[PDB]
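A.B. asks: can you look at this? It's an experimental structure, sequence on top.
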Number of protein chains: 2
Amino acid sequence: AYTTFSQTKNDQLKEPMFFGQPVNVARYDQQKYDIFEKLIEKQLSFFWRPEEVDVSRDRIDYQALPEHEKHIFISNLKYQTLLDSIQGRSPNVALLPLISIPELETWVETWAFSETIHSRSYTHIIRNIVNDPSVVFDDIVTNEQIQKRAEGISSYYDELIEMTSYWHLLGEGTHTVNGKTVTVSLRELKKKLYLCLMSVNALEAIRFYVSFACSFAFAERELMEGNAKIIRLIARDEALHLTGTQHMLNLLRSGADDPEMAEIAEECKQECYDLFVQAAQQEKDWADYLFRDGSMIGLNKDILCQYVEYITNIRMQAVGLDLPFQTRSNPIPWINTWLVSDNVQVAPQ
Amino acid sequence: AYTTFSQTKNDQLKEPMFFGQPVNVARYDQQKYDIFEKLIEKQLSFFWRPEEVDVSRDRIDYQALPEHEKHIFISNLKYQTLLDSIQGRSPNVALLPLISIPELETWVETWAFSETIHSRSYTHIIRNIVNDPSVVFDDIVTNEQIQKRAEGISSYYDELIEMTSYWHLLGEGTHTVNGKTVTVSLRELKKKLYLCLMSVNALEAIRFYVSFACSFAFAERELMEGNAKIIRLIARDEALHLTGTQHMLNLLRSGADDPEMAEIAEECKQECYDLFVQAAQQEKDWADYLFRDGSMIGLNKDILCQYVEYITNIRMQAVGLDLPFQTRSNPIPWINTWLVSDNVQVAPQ
């Protein structure tokens, strides 16, 4: 029962964020939550094109890098390309059919579009520093380590999409499909979304920031500086993105938007904690992979894992989860000069 | 069986446009069809924000308009807002889950995003010329004439989305759902898409151009000039949009992309003709509604209907359909100065 234009004249101010009447008229003179209108407007204001950054000198730097330093940089780049390949399509495919307020609908399309620009920027970087880009792009799919992350991250989306399709097609209740029993539950779907949104929050607020440290560490060494200029632009967008999902999640668990969602958020509050911890660990294990053949000046497995814990604690408090790690100070304060914008707070506070 | 990251390492150059393996890695170093990469790049180059246009003086003009001229202008604006409310979400929701090549995937997200900007521009216009924008936005849903168009146009999308969800969930074959028989057929789904793409082509290549004439006719009278500056930007984007669907449709019917699709395009070739003719007629009937209380200098029911036939013939030849109307010359050549861009051919040739 998805409609690209619902015929009911509803008061969009009183709709929930999710699972209400599909948005008919796209209007921007009013909001239920003006955060999403402010995110649109900011993200629009940030619009950049990857080609406006000269990455020419990165090719020289990269070729001059020792093999293990190549491995660090290209593993990082590959991982980023994976993540935003997923982030390019998924918010549109997974969330659009569920949104019921216009400001959130357009933020999600704006969000996803800004990701395609990131992915296009990753191509721009890759095709400028390596001879055969196909080797790089193919490894993104077949790399053992990258694949593990791809599968877990994508499952949260996939399961939400499939349960959505059942919901739209069948409606709520217990059903008979080809001799099997399919039970469609709005409550479970609401949970599937919450977990997905928690997963996507960890992805952008934690996983990408672990990657930002890696990129900016080269730039600190005065290497791969074109790449770093792009990551600076990418980081500024990312601060918007995670801000969006922090509000979605916080508005959902408060019960202000949907009293049901409040009780559902408490029910899987443990599960969300476990989700974030597993992501933190996975990025620690990723650090292991990056530096398996050696480290470089200013960044190693130990320093990076410290940063993972530091940033993971901050992000989780933001969404009301218990902190899983020792209260620590910033192991790499030098990252803050890179993680900065005068229009949005990029660096974690 | 939709996956936000398919684990198979496929050769994206050999995939079909639609119904192949979902795109995993978003890469832009190569294409199967470089038209879509050129559309992305052009559309990116056109990026504009509605607020960069001062519509201040339109409020004075509008209030000074006679009641029937208000009716003409606001009916037109309302209709545009409807159409791109649909075009904001629908290409993402309907097409994304079916695309199997990266350049087409990102064009569709870029396309849809550019529409949200149009919708945001329509708000910018509306909130500047009327006192109570809610009256306007509500009428978009409840207006008898507008509603008829909304329902037909949205059904092509909706039916494609629902048949997609069955396909992903159930796969091809004859199924049992709650005691009913559901037959999922790829061939029918391929047809549903083709018809939808034909409908969306008529929407942007014909229906919006009928609306562009109306807007620019005010600007010819030196009225509602802020609005016209925005429509000029909107028209330039639209020329890209219809170009995209012309290639999709032409690549589909040639059989170069999918030999099946060739035979399917011929099978419903009549049906497509009927679809376009019905749209042409509907816009003629719309002209009747616009000018029911009188016309203005330089534009009336007769002139506008002439333009409908003129533009409808051109668009249909572009997608290989028979012409339904007398071969006529341009009834309003003055529109061409408005319908122009040095970077893309906006005016129909």
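C.D. replies: Perfect, thanks for sending it. Numbering: from 1, shown residues only, chains lettered A, B, ... in the order given.
A.B. asks: can you list phi and psi of the closest residue to residue A:67 other than its chain neighbours for me?
C.D. replies: Computed as CB to CB, 6 or more residues apart in numbering or on different chains, the closest residue to residue A:67 that is not its neighbour in sequence is residue A:293, at 7.2 Å. All C-beta spots, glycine's among them, are computed from the backbone N, C-alpha and C. With angles defined as degrees, to the nearest 10, residue A:293 shows backbone torsions of phi -100, psi 10.
A.B. asks: list the contacts of residue A:293.
C.D. replies: Counting by CB atoms under 8 Å, 6 or more residues apart in numbering or on different chains, residue A:293 makes contact with A:67-68, A:71.
A.B. asks: tell me which of the residues you listed is nearest to residue A:115?
C.D. replies: Minimum distance to residue A:115 across these is 25.8 Å, recorded for residue A:71 (CB to CB).
A.B. asks: excluding its backbone neighbours, what's nearest that closest one?
C.D. replies: Using CB to CB, 6+ apart and skipping residues adjacent in sequence, the residue nearest residue A:71 is residue A:293, 5.9 Å away.
A.B. asks: distance check, that neighbour against residue A:75.
C.D. replies: According to CB to CB, to the nearest Å, residue A:293 stands 10 Å off from residue A:75.
A.B. asks: check residue A:240 too.
C.D. replies: The separation that residue A:240 has from residue A:75, given CB to CB, amounts to 26 Å.
A.B. asks: how about residue A:144?
C.D. replies: 12 Å.
A.B. asks: likewise for residue A:33?
C.D. replies: 38 Å.
A.B. asks: the more surrounded of residue A:144 and residue A:75?
C.D. replies: Summary of the neighbour comparison: residue A:144 and residue A:75, criterion other CB atoms under 10 Å in any protein chain shown, with residue A:75 having more neighbours (21 against 7).
A.B. asks: next SSE after whatever helix or strand the more buried one lives in?
C.D. replies: Residue A:75 is part of helix A:67-90, with elements assigned from DSSP states H and E. Past helix A:67-90, further along toward the C-terminus, the next helix or strand under DSSP H and E is helix A:102-129.
A.B. asks: buried set for the very next helix or strand once past that following helix?
C.D. replies: Later in the chain than helix A:102-129, the nearest helix or strand by DSSP H and E is helix A:133-142. Within helix A:133-142, the residues that qualify as buried by neighbour count (16 or more other CB atoms under 10 Å in any protein chain shown) are A:133, A:136-141.
A.B. asks: now do helix A:133-142 and helix A:102-129, the angle between them.
C.D. replies: For helix A:133-142 against helix A:102-129, the angle between stretch directions is 130 degrees (axes from the mean of the first three to the mean of the last three CA atoms, to 10 degrees).
A.B. asks: does helix A:133-142 reach chain B?
C.D. replies: Yes - using CB under 8 Å from any CB of the partner chain as the criterion, contacts between helix A:133-142 and chain B involve A:133-134, A:137-138, A:140-142.
A.B. asks: any residue of the very next helix or strand once past that helix touching chain B?
C.D. replies: In the C-terminal direction, the helix or strand that comes right after helix A:133-142 (DSSP H and E) is helix A:144-170. Yes - judged by CB under 8 Å from any CB, helix A:144-170 and chain B are in contact via A:147, A:150-151, A:153-154, A:157-158, A:161-162, A:165-166, A:168-170.
A.B. asks: ok, and the closest non-adjacent residue to residue A:118?
C.D. replies: residue A:84 (4.5 Å).
A.B. asks: which secondary structure elements does the helix holding residue A:75 sit against?
C.D. replies: Using 3 or more CB pairs under 8 Å, 6 or more residues apart in numbering or on different chains; DSSP states H and E as the contact criterion, the neighbours of helix A:67-90 among helices and strands are helix A:102-129, helix A:133-142, helix A:144-170, helix A:208-220, helix A:269-290, helix B:102-129.
A.B. asks: counting by contacts, list what the second one packs against.
C.D. replies: Which is helix A:133-142. Of the remaining helices and strands, those touching helix A:133-142 by 3+ CB pairs under 8 Å, 6+ apart are helix A:67-90, helix A:102-129, helix A:144-170.
A.B. asks: that'll do, ta.
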